[PDB]
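**Q** Model the following, please.
(2 chains)
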Amino acid sequence: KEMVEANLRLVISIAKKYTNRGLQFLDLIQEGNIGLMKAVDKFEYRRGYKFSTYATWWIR
DNA sequence: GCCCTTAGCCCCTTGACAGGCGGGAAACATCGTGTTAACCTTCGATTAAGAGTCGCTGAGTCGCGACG
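**A** Numbers count the residues shown, from 1 in each chain, chains lettered A, B, ... in the order given. Shown next is the protein structure:
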């Protein structure tokens, strides 16, 4: 939950390019939150430990 | 004029298909999942150039009195 709340701003930033695609902005954010929470379930110490890229891929 | 004999129509029995809904068996196009990890961790409209009224809130002005 801490990692999600400390990254939700990421989802907010990614949900700006999909605006006006059949879903509201907050709806898109709270839908991408599902993928974000699904990303933390599979997040190990692999190469490139930056969670930015992984989070943006899963929100997309 | 009535009875007998024979012909035509109606009805019954079988049947050789024809294919025809439909489940099965199969070959093939969906629909919900995952999974990848090289860089940005606040996006954006939209009234607001007429008009009669409902529902709430928060400032400045006064009484009643006590303690010197």
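**Q** Identify the residue nearest residue A:21 in space, chain neighbours excluded?
**A** Distances taken as C-beta to C-beta, 6 or more residues apart in numbering place residue A:28 nearest to residue A:21, at 7.9 Å, with adjacent residues excluded. No exception for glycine: its C-beta is placed from N, CA and C like everyone else's.
**Q** wait, the one you found sits on residue A:22?
**A** No. Contact criterion C-beta atoms under 8 Å: residue A:28 and residue A:22 do not qualify, at 9.3 Å.
**Q** The residue in chain A that DNA strand B sits nearest to: neighbouring residues, count only.
**A** Proximity of chain A to DNA strand B (C-beta to the nearest atom of the strand) peaks at residue A:53, 2.7 Å away. For residue A:53, the count of nearby residues is 9 (other C-beta atoms under 10 Å).
**Q** what's the answer for residue A:14, then?
**A** Counted with other C-beta under 10 Å, residues neighbouring residue A:14 total 20.
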